[PDB]
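Student: the data below comprise the sequence and an experimental structure of the protein.
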Amino acid sequence: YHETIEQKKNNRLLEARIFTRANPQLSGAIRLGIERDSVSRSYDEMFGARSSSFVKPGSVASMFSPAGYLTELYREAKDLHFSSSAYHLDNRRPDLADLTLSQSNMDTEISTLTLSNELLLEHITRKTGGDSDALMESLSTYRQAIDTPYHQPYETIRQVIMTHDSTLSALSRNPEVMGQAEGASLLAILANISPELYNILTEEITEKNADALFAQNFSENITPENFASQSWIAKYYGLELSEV
Amino acid sequence: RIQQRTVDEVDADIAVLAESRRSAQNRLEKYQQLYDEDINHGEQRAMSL
Amino acid sequence: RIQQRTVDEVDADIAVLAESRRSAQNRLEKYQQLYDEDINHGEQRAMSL
Amino acid sequence: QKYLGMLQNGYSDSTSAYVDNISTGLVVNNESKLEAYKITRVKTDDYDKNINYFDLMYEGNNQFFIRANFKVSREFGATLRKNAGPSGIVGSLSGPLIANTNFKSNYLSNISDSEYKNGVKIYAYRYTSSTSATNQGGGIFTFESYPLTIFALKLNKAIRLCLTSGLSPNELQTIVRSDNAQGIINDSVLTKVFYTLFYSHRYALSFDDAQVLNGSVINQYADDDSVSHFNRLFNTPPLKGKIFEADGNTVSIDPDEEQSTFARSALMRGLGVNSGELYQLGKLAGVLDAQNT
Amino acid sequence: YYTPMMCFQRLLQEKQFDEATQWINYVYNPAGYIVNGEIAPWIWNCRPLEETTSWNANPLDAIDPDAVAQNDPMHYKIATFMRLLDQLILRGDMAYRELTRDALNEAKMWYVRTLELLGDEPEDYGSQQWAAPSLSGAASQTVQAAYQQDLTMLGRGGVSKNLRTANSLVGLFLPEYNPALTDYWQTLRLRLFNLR
Amino acid sequence: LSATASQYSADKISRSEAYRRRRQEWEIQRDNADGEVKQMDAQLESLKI
Amino acid sequence: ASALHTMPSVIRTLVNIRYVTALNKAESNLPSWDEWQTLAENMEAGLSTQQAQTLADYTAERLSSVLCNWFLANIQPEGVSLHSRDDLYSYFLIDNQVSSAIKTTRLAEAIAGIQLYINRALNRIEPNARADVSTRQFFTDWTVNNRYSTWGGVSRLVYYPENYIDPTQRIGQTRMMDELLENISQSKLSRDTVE
Amino acid sequence: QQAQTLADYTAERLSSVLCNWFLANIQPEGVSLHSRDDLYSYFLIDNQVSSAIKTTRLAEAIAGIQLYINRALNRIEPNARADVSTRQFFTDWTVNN
């Protein structure tokens, strides 16, 4: 172990020694007191023009760049878990191994929400075997969650209308066109109510169809006895204990 | 003509404000340089002595 | 006549500004002389002592 | 590099070859002549997702493709040229197409020397399953080739004009392309440049807007750190997908049409008009066709 | 070396530029040194720098820039040169802030001398020839071990069987310029632009 | 004797640093006065308009 | 139509969407999925660039919440129990609860994710971490390798030590050199004083 | 005023044109000069300055000779006579410059 460490240190020193003399910035009135070593010539004859390929700081190709830092971090943390474990880095994030270390990746601005959404979408469509559009259509009618159903075109329309005319002043001042709209439709305009959420809210509940409605409205791993605990209700609906 | 002169007067007021802000910014940079430097090497040397 | 008096008032304001600038220039000269002189011979003598 | 792109001088294997142009001097191998060429690329929809680079390489009388991918797929890809037409196939990339790996494509064939100037060499119909394929992006490629002395003379003209007038190399290129195919500079081009500068000074317009006003088409060239004028008009931000001129199909702008088209909606949003105003513009410009398309 | 450098640094901090120049000329002088009424043949007046005598065999045992420069006294040459450039730039700025015509001419003289000592600044060379690898490709232990074995063999011998390293097998990062020197060049460019 | 010498040297360095900080505060005052003079020179143009 | 920046056909289409409980009465009249998409495109066509960007931000936030809830309710990894948005954050190494306003780059986000993973693995928060791997030199010097700035400083010290050389202080400085520095630590330095 | 502005613009344009012509057509005995800065260091007068900055003939000659002396003493211009560069005037160059 000690000999390995010392060899690593020696190689680092040698690389620094070569690059210091190869630096083009010292060319240069200081160049008069600079000599080309035999090891410098051997390094040039082996690696070509590597010793003279100095890059400006801020480029992705630099050894002290965020790309170099990420390479070190990944190289050392790749083996922090066994490949059997689900906590393995390449098991939880398989895109890291194929991430490209390019200048566009290093400089181009993007939103963390965009990146997280693309990651989640990749995982969901890997699970379901379908497309993103198929996933959106399925989410439009999915009921067994609290943030669903998610009707994306409906929500886009609602947001566009809310942007153009909040408080519905224009619709209020034009009673001829406001009278042709249903009350529930105007409620869908004023508050987030998808067609599927409306169906959920207005479906009648009888004793005969109570069990079928429960199976349709709740996940399979949820039983009516789960509603006997208030903490479970708070966790499921995302409420506080006081709110529940 | 008189109203155009009034516009020129408010422009001159803007110039006065520009000079005032230049002075304030100089003060800001001076005091930031004092604050970031803190205890200099001479004072540290005296305390160690 | 009243408008002529208004012109005289703004002239008096110009004179007030002249006095203010005289005071500011005196301060500037005093502080420049203090800054350029820096450490005087008595203080240098004491430090050498 | 704005004028010349990246010179082919034997770089590493991948390295890309576009900044966003490529050029080099190549001695033709069917005779004893030494020519110089230049290929310019306009990136095509869904290129920033997938595809590290998609380069068109020229070898003297025939061209091939060099491709790298963002994501790993176990199947192949077909480089088409048409919208999945029967005669759209121009080449193939044999997989498995792993990411960050160079792939050459078999000397593209089904493209003519006439369409090699302003002709889309690209359709990355890449297979994600045994029966599913998708358009993973690409670009429209324009190829020019001259003898070296003629190339130098044309470069002299272009550089002197750009230096003296302040126009960008791509803006001048678009101006000369909208005036003739040979990209020559004459009284018409100089008059268009004058009107570009005059409109820019007068209406406080950008050079792209003044260039469109002078009689030129919307500029689609991007400078590898900026956004093209067409993209700034129509895709910032996209509605949900990318509207591109690399469509060539007919869209109906009749306001009275049920179940309108995404192309019509994107065109309306880019122009800042409604359906009736778009119909008025179509009638006024006379670009209307049968069935109000 | 260490005592004249410290004296120069203190005089420069107190703005005694002529005395600082005298004290730094004991180590380095761009105009040479007068020995026996003639210009001496050596470039650096400090003999250990002129001969590049290493006197530290274990520099990386701790994070210590002076220990590194003792292992490789070339960095001492670079440090002395940069100190001299700093002195010239301070002289030029001090002349500039006086606003007289003679003061501006003196400032131009100091800036031109600094530029002529620095030389012409280089361009970016290896950025566009770099092939961007994958994260796993860059972190490849095989690539790292190949480079380290080449370095280990180079540290003793120099065997270059199949000399060229077949550039396509490079996933390594490239050396980077010195931000301090680029800062010097940027400052000089700005000052000369303003003066002109 | 070593302790006494250290105390004398520390006192000398402390006085030197006090003088330096005092000069810095004088420089700030000089800058403030210069800014005031410039601001009054602009107010004069406003007043004559 | 002018108020909604659209046309009366689109207004009529919006009005014709009726919620009538879908039985217990005659019926309800709702568009198909493709008709909904067409209506959404038509309605979104009337916005400017700023409003389109605001709408895109809102859509990104809503989709983030919906997708996180769907993942929590339908997908469980190999041997990991995750019950919340923060669990999803610590598992996927990227924050799904951020706003659409904050921006980043791909490499920066990858760096942050790997840093979070390393911190969680080293501090024994995630089980079964290989203790032999956690004793390398990188994780031993993790006090300076956990941030890009400190890592860059300690890495550049080997290659450009001249940027950190201080002529007035140095490890290994002699007592007489310290005495000389104290002797010339005044502010008015003459040539005779230095001599 | 407009005539003076026009004369200043003409002077700047002529300076650039004449420098380019000299670079492209004339090369001295054994000096290779490739830039406006090379022309500056050779002819001992700055051709890249604006028309706003003014001077006198003696001041400009003094500045030119000072630049030449600096370049000769610091071994930037080759073949400088080392015996001449050891005179008292150049030995005291820290106060004579």
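Tutor: Looks like it arrived, so ask away. Numbering: from 1, shown residues only, chains lettered A, B, ... in the order given.
Student: if I pick whichever residue of chain A sits closest to chain H, what's in contact with it?
Tutor: Relative to chain H, the nearest point of chain A is residue A:29 (7.5 Å; C-beta to the nearest C-beta). For the C-beta atoms, the positions are set from N, CA and C on the backbone; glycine is no exception. By C-beta atoms under 8 Å, 6 or more residues apart in numbering or on different chains, residue A:29 lies in contact with E:30, E:81, E:116, E:117, E:118, E:119, H:74, H:76.
Student: make it 7 Å
Tutor: Listed by C-beta atoms under 7 Å, 6 or more residues apart in numbering or on different chains, the contact partners of residue A:29 are E:30, E:117, E:119.
Student: count of neighbours near the last one?
Tutor: Think residue E:119. 17 (other C-beta atoms under 10 Å in any protein chain shown).
Student: what count of nearby residues applies to the residue nearest to it when sequence neighbours are not counted?
Tutor: Spatially, and ignoring its direct neighbours in sequence, residue E:119 is nearest to residue A:28 (5.0 Å; C-beta to C-beta, 6 or more residues apart in numbering or on different chains). Residue A:28 sits with 19 neighbouring residues when counted by other C-beta under 10 Å.
Student: and the gap between residue A:28 and chain C?
Tutor: 38 Å (C-beta to the nearest C-beta, to the nearest Å).
Student: separation between residue A:145 and residue D:39?
Tutor: Residue A:145 is 51 Å from residue D:39, where distance means C-beta to C-beta, to the nearest Å.
Student: try residue F:25
Tutor: Distance from residue F:25 to residue D:39, by C-beta to C-beta: 66 Å.
Student: out of those two, which sits in the busier spot?
Tutor: A direct count of neighbours by other C-beta under 10 Å for residue F:25 and residue D:39 places residue D:39 higher, at 23 against 12.
Student: in its sheet, which strands sit next to the helix or strand containing the more buried one, and in what direction?
Tutor: In this structure, residue D:39 sits in strand D:34-44 according to DSSP states H and E. The strands that strand D:34-44 pairs with in its sheet are strand D:21-27 (antiparallel), strand D:138-147 (antiparallel) (by DSSP bridges).
Student: can you redo these as TSV with distance to residue A:154 and mean neighbour count?
Tutor: Output for those, formatted as TSV (distance: least, C-beta to C-beta, whole Å; neighbours: other C-beta atoms under 10 Å in any protein chain shown):
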stretch	distance to residue A:154	mean neighbour count
strand D:21-27	46	18
strand D:138-147	34	20
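Student: closest to residue E:70 out of those strands?
Tutor: strand D:21-27 (49.3 Å; C-beta to C-beta).
Student: ok, back up a step: what sits up against the strand holding residue D:39?
Tutor: Here strand D:34-44 has contacts from D:5, D:18, D:20-28, D:56, D:58, D:122, D:137-148, D:151, D:220-222, D:244, D:246, using C-beta under 7 Å, 6+ apart.
Student: how near is the residue most central in space within chain E to residue D:227?
Tutor: Nearest to the mean C-alpha position of chain E, by C-alpha atoms, centre = their mean, lies residue E:78 at 3.6 Å. From residue E:78 over to residue D:227 the distance is 43 Å, taken as C-beta to C-beta.
Student: ok, now residue A:39?
Tutor: Applying C-beta to C-beta to residue A:39 and residue D:227 gives a distance of 49 Å.
Student: equivalent analysis for residue D:183, please.
Tutor: Distance from residue D:183 to residue D:227, by C-beta to C-beta: 24 Å.
Student: looking at these two, which is more packed in?
Tutor: Just comparing residue D:183 and residue D:227: by other C-beta under 10 Å the higher neighbour count belongs to residue D:183, 17 against 12.
Student: give me the longest helix you can find in chain E.
Tutor: helix E:74-96 (DSSP state H).
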